[PDB]
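Here's the letter readout for the chains.
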Amino acid sequence: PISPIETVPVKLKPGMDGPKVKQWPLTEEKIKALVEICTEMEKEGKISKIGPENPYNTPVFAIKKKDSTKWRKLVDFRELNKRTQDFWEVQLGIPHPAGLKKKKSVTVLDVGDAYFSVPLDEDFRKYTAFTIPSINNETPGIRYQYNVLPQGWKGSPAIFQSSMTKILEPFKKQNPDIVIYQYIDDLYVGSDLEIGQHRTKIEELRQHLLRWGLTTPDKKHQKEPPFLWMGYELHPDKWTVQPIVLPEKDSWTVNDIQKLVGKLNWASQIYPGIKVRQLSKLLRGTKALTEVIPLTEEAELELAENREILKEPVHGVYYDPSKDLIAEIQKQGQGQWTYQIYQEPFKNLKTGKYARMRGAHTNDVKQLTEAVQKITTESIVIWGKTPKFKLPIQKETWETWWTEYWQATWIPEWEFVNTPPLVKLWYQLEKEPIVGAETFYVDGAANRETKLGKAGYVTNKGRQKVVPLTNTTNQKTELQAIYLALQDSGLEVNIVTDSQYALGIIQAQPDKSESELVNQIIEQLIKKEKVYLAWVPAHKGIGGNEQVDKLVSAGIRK
Amino acid sequence: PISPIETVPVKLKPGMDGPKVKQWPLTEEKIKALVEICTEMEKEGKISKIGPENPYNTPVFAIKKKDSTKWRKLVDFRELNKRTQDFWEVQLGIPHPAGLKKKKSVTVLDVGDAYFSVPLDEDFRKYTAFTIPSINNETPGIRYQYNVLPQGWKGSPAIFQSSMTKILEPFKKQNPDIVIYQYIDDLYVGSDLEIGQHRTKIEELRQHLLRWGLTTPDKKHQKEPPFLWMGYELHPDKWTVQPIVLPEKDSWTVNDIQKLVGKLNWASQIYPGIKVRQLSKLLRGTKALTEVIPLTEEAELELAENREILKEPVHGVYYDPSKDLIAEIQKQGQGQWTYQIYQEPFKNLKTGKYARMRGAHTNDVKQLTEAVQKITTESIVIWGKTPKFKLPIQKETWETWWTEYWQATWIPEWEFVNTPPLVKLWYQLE
Amino acid sequence: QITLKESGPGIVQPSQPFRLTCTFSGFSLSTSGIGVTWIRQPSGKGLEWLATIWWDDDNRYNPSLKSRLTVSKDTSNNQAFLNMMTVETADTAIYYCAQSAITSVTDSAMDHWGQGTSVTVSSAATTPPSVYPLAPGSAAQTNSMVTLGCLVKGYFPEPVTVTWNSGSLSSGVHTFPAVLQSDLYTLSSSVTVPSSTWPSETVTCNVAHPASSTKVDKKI
Amino acid sequence: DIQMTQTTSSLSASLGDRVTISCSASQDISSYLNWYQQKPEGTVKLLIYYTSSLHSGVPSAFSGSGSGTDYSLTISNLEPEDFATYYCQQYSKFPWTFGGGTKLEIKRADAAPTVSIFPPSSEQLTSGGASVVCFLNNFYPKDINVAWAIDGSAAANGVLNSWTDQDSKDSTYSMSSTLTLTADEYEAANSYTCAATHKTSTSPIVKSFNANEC
DNA sequence: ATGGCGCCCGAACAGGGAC
DNA sequence: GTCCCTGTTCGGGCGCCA
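Residues numbered from 1 in each chain as written, not as in the entry; some residues may be left out. Chains lettered and ligands numbered in written order. Heavy atoms only, no water. Residues with missing side-chain atoms left out of burial classes, pairs and counts.

- Structure determination for this entry is recorded as X-ray crystallography, at 3.5 Å resolution.

Written out as structure tokens, the structure is:
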């Protein structure tokens, strides 16, 4: 039968009109096939013949790939979907067991024929039509429009949803103990009711749902221990996705790479911390489909290490409110960051990695900082609660980090943990220009056309140095020129620049950078015993500066 | 049962398919509340359920306000406001008062409900659609629509004016020794009178709004241990511009001077009587900054000279409603922070410092937010409108935590940006 | 300036209730930070907080008393009150009422008080005193300085005055607060006069008891 | 409901002495204390709030200080108006609680009490009453003790006694116990004695009498 | 057979600093 | 009037569910 739920209206986008598209002649056995099909569809009420005035047309085909319960005869509503209005999808993402708490008994229902069970907005029906072709005799063709929700129409998706809800609602109003996580055409049901009592309810539900036209097909869940749900193997106490199988023979074509990577990403739910970056690197570069990178040696490490992680049989326990929320994170590689949200020690709630290479030049704190936030949000979504935090970094560390950093940044409640390669900042500029060291005076520059230029310095001690180069910029130049003076230091050094840019890039206290130069500039700071740096304007001719400019260019350089 | 008043026609600016913003997650503590309050609004008839069919959408959120009233629903119509055309009765019906800024105290009333009585164009409605979400996505989102006037929206105060005013009409003629300004959901009322009297007369206005067309305001809680309500009061008068600009080097060194002159340079952009050159000389020649104490009392004549210029009111303030407003915040030192406002670059109209809030509530953001808020309020009371905010915080960040501390009934426009030392020159004047 | 005086029974048979009224003259019980407090100061014990009536009508009682404690305040006439029921001995004390006010965001004190109010609990009723003289007797006049005294045993209502020789003697006298003997007050007070003086010119303890309106004069 | 404590219940200083008083709570209160001074004439006035903000009207001589859960009240030089019981008050957790105030008595070079024991009067005796008193007067430290004891050193049942305040004159003090026995006993026991023992000279100052005449 | 969501590379965008 | 950086968003391929 069909649901008598008030249909949702659905207009075509302002401008376009119905999809009228020539239906090419399909095959002979197919004609009859498609026919034999529509017929059934008709008595069902799924469709009906139409008046010779609905010109709108869309192509159709059919093909039951060898299967009994299965039969295929689909439509390509592309042009239509291309034409139909956009409605705001309804979805703040899918669920996840981690948030799912625990009940005495459970069940998992699926309403059958879902889509075709909701009727179509009569009005918009005019479009969802099609012509099923014929052979010679009856020269003219057969027309049929959809009277319910079409199998590949953007509408349907949300439609069915919005509908299914209204139905579930009152029942929900009737039994505020049973629980139901509705997912498109799937109902996870639970409540702390003695299996018997629990039974009467589900049925109660089934009857109601079915009463509204939503068949409650025999593909029902009873076998408590094994509950096929949203992909997760739901057990009376642990959850897991056994299908954690992986492909390896192909390991070559870009796809195969992209295949594994994700599998990992996917299996990253409870399989503790893995490093995909290793391989991901091998996923970059040439995005040529057939090309087959083999730096496989380079990431061998990752592959197998992970392989063995994927070997170790994991699982996630259920969420309990009586207790509390927390998560600790570790640093794997330079960017590799992973966590673990548990309520009780070795029993884990859920795991996950992180590797956002944010800024063009970002240090290691930012990483964790960012790292934590991803946990937050996510967790918020999973438990609507902020968990406490176990972060790898001392106090005085994270403290100074901000105390110096003239830019707001903070972290929700977190405690200290002494275990992994503890996070900390390497180099740190000095407060006051220390005495007993040379106050260098840097400078650099170039011209758009040049693409070449010099970069050097002086020193109060009359000493100088200059170095022209190429394939750089006024910016790079000024940044490069820092490198020298740095290099030519020792136990201390008073540096002097006029370029905020570089100046800034350094101040941040950068742990890395795709750029070699600046990455290098770090290591020196990393090496030196003391560095400091001040800023001075340029064209105002200030300090020995006036001398460095001309030194770098006699109105222009060589 | 909404009022029988006819309806004002509202069709947003052209080529503006309304909003389509997404709904950031929200905490349990929020959902529940947001739910409740959202549900009985449906009952009274105020809001109606809708489904996917509506393409448009905006975000909403709870906000546990410290007072006898429940939390507050909040709808980020920011973008909506932007799309909706200009209204004369807005500006017209809502003009800004001067003496306003000039008073012994000012108070703020959440007078939203007033909007609950007047209806709303049937059509323009789809542009208010919002959506309450759920934990773990037990179910899909559930969206509502506004039927009447939504609490917070250009168009809203724009219309209800007639009503709003005449209601207040008595109060004024009843004693115009106080003044009132309207800004969306809020009513700004100031009496140069004594605090208690002010507070009482305020309370009068309450009751008045009560008896009149059931205009019902919140009722801010008041207690004994750390007495916050005693401060709820808003007294501007004692609001000076950030006179933080100094130096007194009794033996200025290469750095000291150098540094400073890099500073003095930038100042020349705001101020005219600027002279960095005199000192630039004391600095001329590749000297060793470190330890060199090149004490120069020759330039001392022009160094205390710039001081005169720094000590006064920068003559140029030419406020202009036809132009937008802006604000920079600077993290200058632990605890305290800074604000500067203008429309034209390096030509600020006012400046200041929101410092520490003498509470162990140590949290960068919290302050920043608090900053903007108290910054805003301040701005509102003055030129009326709301400044854009060059935010000294990284996006992803600000986002995940601003709601947790917000407390206004509006939400100003903000943008994120990095900071150079140019202004870090303590001379916050951007 | 603002002030306030309290008032009540002074005397109440046990297991009964009583009503104390505090009448103030300055502030009003309608102002944001105003309030009136009630305190009880016992026999020698310190300062106990009974409760505090607040302007907005938010009253806070003592956890150990609320139960049998209740406040109010006819705002309109600047009068707050305290009500204590089934009053047992202990409760017998000097209750005070103070103007409490929330000065500022960080300040709230009892800016102004007002000499408390005696309240005695006792079955016992109005009794005249039983005055007796305290002579040197046996050990006759020795030192050139001598002490004399008077025994005031058997009176109930606390107040009772007594001096020496119609107030003449004021120089060297000691008078001591009486104690609850048999649910009654027993008092004594002594004097010391130079030898010549007493054996010679007469000395007299003269007691007075308002309630039992008995006057008396005990010589030697 | 905080636990308020004023340790040094009472002390005796002299004119001009600078005195400090220790107030203790049972948790951080955050400068949420007040200092009242009760005058021996019963009155009670407010000196300071917020643990250090001086109440308009109190002599500068008074100064606030303290923190956490330990606070302090102090005055510079003594002038005879200040010798009073000073109370410490918290306004944190609503069960507002006053610590046990501190008396601030005058200091005076000690002295032995002039003790006097008085026999029972015919006047009373003849009605059954057999009351005996012993006047212990003008002595310096309040600290002292009397021992009512009849032949056989016992502090029999019938001991009533109270002491005065610091006579604002000679700053001394005085108490007086009263023995109450039936005439039957006044007749039975023979002698009757008063044993006053003060910080005098390791001396048990005693006065006694013997006369069971009815 | 089209909706969602999160990862992980590129491609193109727009806006402060600035010759 | 322009290059420079840089910090974002898409598209996109992909595993995952329905």
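1. As for the domain arrangement of chain D
Residues and elements named next belong to chain D.
Here is step 1: Domain annotation for chain D reports domain 1 (1-107) and domain 2 (108-211).
Here is step 2: The C-alpha-based centres of domain 1 and domain 2 are spaced at 36 Å.
Here is step 3: With four residues of domain 1 at the interface, the matching set in domain 2 holds five residues.
Here is step 4: When residues of domain 1 are sorted by the area they lose upon contact with domain 2, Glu-105, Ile-106 and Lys-107 head the list and together hold 93% of the total.
Here is step 5: Connecting domain 1 to domain 2 are zero salt bridges.
Here is step 6: The interface formed by domain 1 and domain 2 holds four residue pairs in polar contact in total.
Here is step 7: In terms of residue class, the side of domain 1 that touches domain 2 is made up of one nonpolar, one polar and two charged. (Domains from an automatic or database assignment. Contact = heavy atoms within 4.5 Å. Buried area = accessible area lost by both parts, 1.4 Å probe. Salt bridge = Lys/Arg side-chain N within 4 Å of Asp/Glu carboxyl O. Polar contact = N/O pair within 3.5 Å; in protein donor to acceptor, adjacent residues only side chain to side chain. Nonpolar A, V, L, I, M, F, W, Y, C, P; charged D, E, K, R; others polar.)

2. Side note on the state of the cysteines
All names here are of chain D.
Here is step 1: Counting across every chain of the model gives four disulfides over all chains.
Here is step 2: Two residues, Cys-23 and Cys-88, share a disulfide whose sulfurs are 2.0 Å apart. Negative torsions about the S-S bond denote left-handed disulfides, and the value of about -100 degrees found for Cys-23 with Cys-88 makes this one left-handed. Of this pair, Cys-23 sits in strand β3 (residues 19-24) while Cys-88 sits in strand β9 (residues 85-90), placing them 65 residues apart in sequence. Both residues of the pair, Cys-23 and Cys-88, count as buried.
Here is step 3: Paired through a disulfide, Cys-134 and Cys-194 show a sulfur-sulfur distance of 2.0 Å. Where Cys-134 bonds to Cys-194 through sulfur, the torsion about that S-S bond is close to -95 degrees, and the disulfide is left-handed. On the criterion of sequence distance, the pair formed by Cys-134 in strand β12 (residues 131-139) and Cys-194 in strand β16 (residues 191-197) is long-range, its members being 60 residues apart.
Here is step 4: Under the relative-accessibility criterion, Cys-134 is labelled buried at 0%.
Here is step 5: A relative accessible area of 0% means that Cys-194 is categorised as buried. (Disulfide = S-S within 2.5 Å. Helix = DSSP H or I, 4+ residues; strand = E, 2+ residues; numbered from the N terminus. Buried < 20%, exposed > 50% of the residue type's maximum accessible area, 1.4 Å probe, protein only.)

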